[PDB]
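Asker: Please read through the structure below; I'll follow up with questions.
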Amino acid sequence: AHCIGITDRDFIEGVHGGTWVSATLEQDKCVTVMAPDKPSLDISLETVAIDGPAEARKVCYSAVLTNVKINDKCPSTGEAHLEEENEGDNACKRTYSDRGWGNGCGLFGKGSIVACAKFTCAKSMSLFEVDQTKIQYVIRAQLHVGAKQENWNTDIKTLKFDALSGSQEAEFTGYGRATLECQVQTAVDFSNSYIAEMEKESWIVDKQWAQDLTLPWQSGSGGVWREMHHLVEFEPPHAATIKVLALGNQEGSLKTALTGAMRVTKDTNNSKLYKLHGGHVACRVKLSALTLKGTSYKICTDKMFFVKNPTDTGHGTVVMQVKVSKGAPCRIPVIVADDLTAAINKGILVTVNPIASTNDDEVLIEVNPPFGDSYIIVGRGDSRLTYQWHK
Amino acid sequence: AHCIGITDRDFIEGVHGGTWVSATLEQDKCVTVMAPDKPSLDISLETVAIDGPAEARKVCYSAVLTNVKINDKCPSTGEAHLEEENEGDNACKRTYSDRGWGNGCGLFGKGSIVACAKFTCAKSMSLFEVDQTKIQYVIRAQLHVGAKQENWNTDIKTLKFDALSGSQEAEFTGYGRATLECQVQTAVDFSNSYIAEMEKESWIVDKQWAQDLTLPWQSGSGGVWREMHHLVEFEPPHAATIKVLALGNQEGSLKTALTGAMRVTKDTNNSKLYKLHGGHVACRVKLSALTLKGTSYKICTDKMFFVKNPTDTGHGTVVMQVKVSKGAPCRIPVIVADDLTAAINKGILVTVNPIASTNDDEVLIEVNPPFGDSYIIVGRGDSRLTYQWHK
Amino acid sequence: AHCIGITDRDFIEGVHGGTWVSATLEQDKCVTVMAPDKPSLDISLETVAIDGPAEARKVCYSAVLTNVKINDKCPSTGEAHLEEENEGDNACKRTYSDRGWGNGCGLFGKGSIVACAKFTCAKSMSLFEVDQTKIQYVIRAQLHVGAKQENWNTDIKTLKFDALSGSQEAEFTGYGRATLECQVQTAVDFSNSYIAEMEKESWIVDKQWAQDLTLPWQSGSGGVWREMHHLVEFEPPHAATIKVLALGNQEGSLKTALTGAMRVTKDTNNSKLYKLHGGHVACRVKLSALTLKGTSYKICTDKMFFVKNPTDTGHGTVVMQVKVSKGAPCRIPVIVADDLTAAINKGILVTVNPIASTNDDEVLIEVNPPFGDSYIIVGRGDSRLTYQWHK
């Protein structure tokens with residue numbers, strides 16, 4: 001079951017005869033819900049997904065400024081203006097200046113100068129409103145049947161939760177069913193946030209922070225740009241003229257500020273599906289309807305062999321694969337004990353009742369051994385498998 | 001001597017044998033200068049004026065507001081925008097308004113609204129930039145020839161002053177010449193100020209105040225009205241509509257604030273001459289080129305008449321008119337005394353040498369009497385006129 | 001001269017027995033240098049420049065990665081390796097992915113990952129050396145000719161200065177000579193710095209600061225980027241996959257850091273010719289060889305008047321321009337009194353003997369009346385062009 005492959009693994013044990021076991025899930029992590037007479041259930045949060053956000057704003061982070069014009073008025077001869085001031089994309093600025101006593105000047109002091117330049121956005125990030133009702137939480141659930149790793153990707157049941165389907169049944173063929181309830185409404189605070197997007201790149205950002213950006217922005221339906229000041233500088237006026245510059249691409253600064261946000265991956269297939277990293281959710285599992293498949297079966301009592309020897313795992317837990325050699329739809333007895341006399345089975349099975357359901361069935365088994373050295377033991381009689389182990 | 005009629009008058013006496021006599025003149029006041037053997041001279045400031053100043057700004061004080069347009073978007077979706085936001089002559093405001101299923105929304109959040117309206121100035125104050133080198137000055141000057149009042153408007157000399165005309169000559173047909181050194185260009189007491197104008201009314205006001213004035217204003221050459229929010233008001237939005245209103249005419253409030261300023265009149269005839277009701281002049285007068293007419297004339301030998309009896313006038317001086325019936329090309333002996341049997345020339349003539357030109361010519365004579373009880377005497381011998389006077 | 005219009009100016013004045021008057025020049029300042037028996041001098045600094053300085057570095061701010069590839073090996077199976085790890089144009093990271101049966105490894109544990117991408121630069125910032133032996137200077141000066149406004153077109157002397165020489169001589173026709181000695185080599189601030197250049201913008205940057213940029217950089221005409229780390233990030237490995245990204249264009253952050261460095265402007269008539277800013281040169285000037293052209297001529301004392309009447313100006317002189325209608329070749333006197341008697345004087349002329357060479361032209365002249373009220377007087381005799389002034 002797929003939790004073997006995840007580094008952060010939590011074992012959660014149900015109290016005997018209890019029904020509802022709570023767990024908390026996070027995308028780097030998985031949980032193996034485990035209960036005393038029922039096969040263990042691996043559960044993990046695969047993704048949080050957001051479908052069809054609405055474009056609220058675009059924020060420009062580089063501007064190709066073009067077609068500057070300037071006009072000027074001599075001291076106490078009036079005040080200057082430009083036709084471009086009547087038009088919203090010209091980003092104009094107005095200021096006094098000194099002016100030359102040789103330049104038709106009347107008197108010492110200040111002339112007046114006005115300049116305008118056609119601001120156009122070269123690159124912008126898009127800010128999307130999160131359609132909070134649309135959020136899907138996608139859960140993987142997989143039962144410890146003892147399926148070999150090749151089969152995990154087909155055996156995993158995938159469940160999608162949103163507020164319309166807060167309860168779901170995972171049904172496992174022959175093992176019964178488990179009911180999941182997940183707290184989709186509580187787990188995230190996307191009400192006060194935008195998805196922020198850049199070329200091939202995306203983030204989820206605080207709605208205040210993204211409004212408070214000192215950058216020129218556009219109303220998402222494509223209107224005027226609204227605060228040109230944050231990208232256009234005018235060099236303090238020369239007596240005859242004033243000269244204008246665009247600031248550089250703020251992309252490097254803007255990504256620097258974004259580093260604290262949760263990253264988002266835009267899907268490969270959908271145009272407008274956004275998958276969100278690091279989101280988490282709480283769930284409860286009704287284990288009660290799960291059952292062991294083969295508690296009816298006879299004990300294998302026949303030659304067995306390891307297809308993969310018991311390896312360690314980071315979980316302090318041993319994983320092995322066993323094939324029953326012949327003639328037996330049967331349950332494989334597994335012990336781990338201090339002595340080859342196997343006085344007491346100190347270790348705990350995670351594959352709570354391992355079964356070879358048919359003569360070819362390659363059975364994965366997971367066992368949590370005691371600390372210290374001990375012997376894992378499989379099968380019975382003259383043909384036991386054994387393997388020395390250490391904590 | 002038109003400064004008989006002017007209400008505020010200063011006499012000034014030239015130092016005996018000083019070629020230049022100092023004087024100062026004010027917008028509705030007169031100096032009359034006397035020197036011990038020269039005919040007395042009236043000098044008066046007719047106007048301080050500026051011809052064709054440049055308009056710096058127009059300031060809207062009533063606006064009509066038309067073609068209101070609104071765009072509204074539900075709280076889930078993006079920022080609202082209008083085409084009108086790109087046009088300079090639209091006053092426009094952006095705000096967020098409560099919405100819900102009463103308005104066709106999906107969600108109950110704060111929707112977005114923008115509303116723009118076409119702004120047009122109905123009436124505006126014009127601000128004209130003064131420039132002290134452009135100030136014209138005009139001086140009215142007249143000798144005490146003793147002409148009747150009906151002749152004063154032709155005998156008054158008009159002297160015009162500007163940056164070039166730094167000194168001027170007045171020539172009086174029988175009485176020689178004087179020249180004025182009016183330092184008018186520095187005598188002014190205003191700077192960095194606008195002539196402020198409304199229909200048939202005008203003012204002069206501080207530049208910085210008129211820039212601080214909280215009203216929409218326009219560059220003198222035209223173009224966009226650029227602080228429209230000081231006349232356009234938006235009533236807070238209802239869920240799908242916002243009501244935008246122009247404020248009423250501000251001219252009462254505006255000229256209330258102007259009430260403390262010095263007044264100006266646009267000329268009754270000229271296109272662009274503005275006359276300023278203040279300022280003052282400093283001057284000096286070269287009197288030594290004046291000569292008393294006809295002192296070699298014979299004395300009146302025969303009967304005379306008062307035709308306007310001597311009267312007081314507020315300057316503390318006496319004015320009379322006398323007709324010469326016969327023997328006319330003669331000087332009229334004027335004496336003010338206090339011992340009628342043995343008269344002495346105790347009082348001081350302002351009409352320093354009165355002469356008749358032709359039979360039944362009527363002269364005017366102004367005389368400054370001594371303190372106390374006194375006689376004013378005109379003519380000689382038994383047919384002389386005599387009049388009682390006091391203080 | 002032309003320096004009247006400069007935003008700020010300073011006064012230095014010598015006395016007889018003194019010589020070698022000290023001065024300081026700055027690239028947009030001016031000084032008036034004066035001496036009692038000799039014409040006043042205006043001085044200013046026109047350009048500091050360097051021609052074709054040497055390449056120090058290029059610093060990249062916009063990496064483009066391509067052709068990434070990866071090698072991965074199971075735990076306890078040695079170290080992964082890539083040929084790209086061993087050649088210059090590939091950035092690489094070597095690290096470990098946690099792996100197990102879920103990822104095709106036979107054992108559970110950390111297996112090594114290495115990944116490399118081809119690195120190319122879309123843009124980079126050049127750093128050029130301050131080749132201080134090549135630091136060109138150009139120095140501007142003029143004497144107080146008295147010439148009217150436009151003649152500044154070609155009257156101004158402007159002088160090349162260089163590390164090749166210490167001093168240069170002014171030649172004034174009719175006004176003698178002067179020597180300016182500049183210590184050109186040593187005044188500069190550029191102890192350890194580079195010309196930093198981006199496309200169409202440039203800066204003078206601290207050498208150590210520039211070397212200490214957290215950015216990939218290349219020596220001269222190199223073939224390798226001597227650091228590559230700072231623009232490449234690797235998202236932590238998942239199974240056998242690791243994915244590599246360029247950071248965004250740092251240009252905006254870099255210009256943000258460069259803000260507050262001294263500007264540079266490249267010229268266009270020659271490539272790689274750089275005008276600096278903030279240039280400095282402390283100098284001394286030998287005034288003793290200067291002379292006045294006209295001191296022996298007679299005073300004008302003829303029909304004369306203002307053509308640009310006196311005004312203040314921002315550095316504290318009074319400036320005026322005047323005409324004699326016709327007269328002799330003569331000197332125009334100006335004197336400043338505190339009474340119209342003009343026999344007692346206190347103000348200073350900076351044009352000491354302005355020259356009316358011929359009748360058809362004006363002279364532009366300057367004066368410094370004392371604190372408080374004062375009279376400017378130009379001409380003498382009957383042409384009493386009196387013009388009052390205050391502070």
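Letters A, B, ... go to the chains of the structure tokens in the order shown; residues in each chain start at 1; ligands are counted from 1 in the same order.
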May I have the residues within 12 Å of residue 234 of chain A as a ChimeraX atom specification, using only C-alpha atoms and disregarding those fewer than 6 positions away in the same chain?
Answerer: /A:65,68,70,91-95,113-117,228,241-247
Asker: Please save C-alpha atoms of the selected residues as a compact mmCIF listing (two decimals), in the first residue's frame.
Answerer:
```
# COMPACT_ATOMS: atom_id res chain seq x y z
CA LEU A 65 7.20 53.22 -22.35
CA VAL A 68 7.23 60.83 -24.97
CA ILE A 70 7.06 67.61 -23.61
CA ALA A 91 1.03 58.78 -17.52
CA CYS A 92 1.75 62.52 -17.57
CA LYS A 93 3.60 64.57 -14.94
CA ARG A 94 3.55 68.32 -14.23
CA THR A 95 6.22 70.35 -12.45
CA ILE A 113 6.93 72.02 -17.64
CA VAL A 114 4.62 69.10 -18.51
CA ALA A 115 5.53 65.71 -19.98
CA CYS A 116 3.59 62.66 -21.14
CA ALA A 117 4.46 59.18 -22.34
CA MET A 228 1.60 54.46 -13.77
CA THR A 241 13.18 69.69 -21.33
CA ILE A 242 12.38 66.81 -19.00
CA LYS A 243 13.32 63.22 -19.80
CA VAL A 244 11.53 60.03 -18.88
CA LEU A 245 12.49 56.41 -18.16
CA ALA A 246 10.75 53.14 -17.48
CA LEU A 247 12.04 51.28 -14.44
```
Asker: From a backbone DSSP assignment, name each residue in segment 8-123 of chain C labelled helix (DSSP H, G or I), as a list in words.
Answerer: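 Residues meeting the helix (DSSP H, G or I) criterion: residues 83, 84, 85, 86, 101, 102 and 103 of chain C.
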Asker: Print the selection's residues with C-alpha atoms to a file, as an mmCIF file, in the first residue's frame.
Answerer:
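Okay, part.cif is ready:
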```
data_model
loop_
_atom_site.group_PDB
_atom_site.id
_atom_site.type_symbol
_atom_site.label_atom_id
_atom_site.label_comp_id
_atom_site.auth_asym_id
_atom_site.auth_seq_id
_atom_site.Cartn_x
_atom_site.Cartn_y
_atom_site.Cartn_z
ATOM 1 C CA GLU C 83 29.036 14.944 -17.924
ATOM 2 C CA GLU C 84 27.367 18.352 -17.723
ATOM 3 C CA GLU C 85 28.688 18.625 -14.182
ATOM 4 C CA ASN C 86 32.137 18.999 -15.690
ATOM 5 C CA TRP C 101 9.900 0.607 -3.599
ATOM 6 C CA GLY C 102 7.431 3.247 -4.694
ATOM 7 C CA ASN C 103 10.115 4.768 -6.921
#
```
Asker: For residue 22 of chain B, work out the shell of residues within 10 Å, counting only C-alpha atoms and skipping chain neighbours fewer than 4 positions away, then give it as an MDAnalysis selection string.
Answerer: chainID B and resid 12:14 33 180:182 282:286
Asker: Residues of chain C were defined as contacting chain B if any atom lay at most 8 Å from it, counting only C-alpha atoms; please report them as a list in words.
Answerer: residues 305, 306, 307, 309, 385, 386, 387, 388 and 389 of chain C
Asker: Just want the 10 Å neighbourhood of residue 366 of chain C, counted on only C-alpha atoms, with same-chain residues fewer than 6 positions away dropped. Output as a list in words.
Answerer: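 Residues near the query, excluding close chain neighbours: residues 1, 4, 144, 146, 310, 311, 312, 317, 318, 319, 320, 321, 334, 348, 349, 350, 351, 352 and 354 of chain C.
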Asker: Tell me, in Å to one decimal, how far atom CA of residue 47 of chain A is from atom CA of residue 197 of chain A.
Answerer: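 Atom CA of residue 197 of chain A lies 18.5 Å from atom CA of residue 47 of chain A.
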Asker: In Å to one decimal, how far is atom CA of residue 36 of chain C from atom CA of residue 174 of chain C?
Answerer: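 Taking atom CA of residue 174 of chain C as the start and atom CA of residue 36 of chain C as the end point, the length is 17.5 Å.
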Asker: Using Å and a single decimal, report how far atom CA of residue 99 of chain A sits from atom CA of residue 147 of chain C.
Answerer: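 Interatomic distance, atom CA of residue 147 of chain C to atom CA of residue 99 of chain A: 19.9 Å.
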Asker: Would you list the contacts of residue 161 of chain B as a compact mmCIF listing (two decimals) with N, CA and C atoms, in the first residue's frame, taking every protein, DNA or RNA residue within 6 Å and counting only C-alpha atoms, but skipping same-chain residues closer than 5 positions in sequence?
Answerer:
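Done, and the output landed in result_36.txt:
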```
# COMPACT_ATOMS: atom_id res chain seq x y z
N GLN B 136 1.43 100.25 -16.46
CA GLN B 136 1.32 101.65 -16.83
C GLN B 136 0.93 102.51 -15.63
N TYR B 137 1.49 103.71 -15.57
CA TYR B 137 1.10 104.74 -14.62
C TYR B 137 0.63 105.96 -15.39
N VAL B 138 -0.36 106.67 -14.85
CA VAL B 138 -0.87 107.90 -15.46
C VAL B 138 -0.99 108.98 -14.40
```
Asker: Can you list, as a PyMOL selection string, every residue of segment 190-367 of chain C that DSSP puts in strand (DSSP E)?
Answerer: chain C and resi 193-198+201-206+217-219+232-238+241-246+262-266+273-276+280-286+304-312+318-324+330-331+334-337+348-349+355-356+363-367
Asker: Just checking: using only C-alpha atoms, which residue out of A:384, A:331, A:207, A:148 ends up closest to residue 298 of chain A?
Answerer: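 So, comparing all the options, the nearest one is A:331.
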Asker: Find the residues around residue 315 of chain B up to 12 Å (only C-alpha atoms counted), leave out those fewer than 3 positions away in its own chain, and share them as JSON, numbers by chain.
Answerer: {"B": [3, 4, 5, 6, 7, 8, 9, 10, 11, 30, 31, 32, 311, 312, 318, 319, 366, 367, 368, 369, 391]}
Asker: Nearest to residue 151 of chain B: which of B:363, B:289, B:377, B:64 is it, counting only C-alpha atoms?
Answerer: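 Result for the nearest residue to residue 151 of chain B: B:363.
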Asker: Excluding same-chain residues fewer than 3 positions from residue 54 of chain B, what lies within 9 Å of it counting only C-alpha atoms, as a PDB file with C-alpha atoms, in the first residue's frame?
Answerer:
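What landed in out-v3.pdb:
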```
ATOM      1  CA  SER A  76       5.014  84.067 -15.347  1.00  0.00           C
ATOM      2  CA  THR A  77       3.954  83.649 -18.980  1.00  0.00           C
ATOM      3  CA  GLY A  78       1.160  81.156 -18.237  1.00  0.00           C
TER       4      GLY A  78
ATOM      5  CA  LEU B 127      -6.637  84.481 -12.946  1.00  0.00           C
ATOM      6  CA  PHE B 128      -4.253  86.821 -14.788  1.00  0.00           C
ATOM      7  CA  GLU B 129      -0.531  86.864 -13.994  1.00  0.00           C
ATOM      8  CA  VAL B 130       0.735  90.373 -13.196  1.00  0.00           C
ATOM      9  CA  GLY B 220      -4.760  79.099 -19.058  1.00  0.00           C
TER      10      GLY B 220
END
```
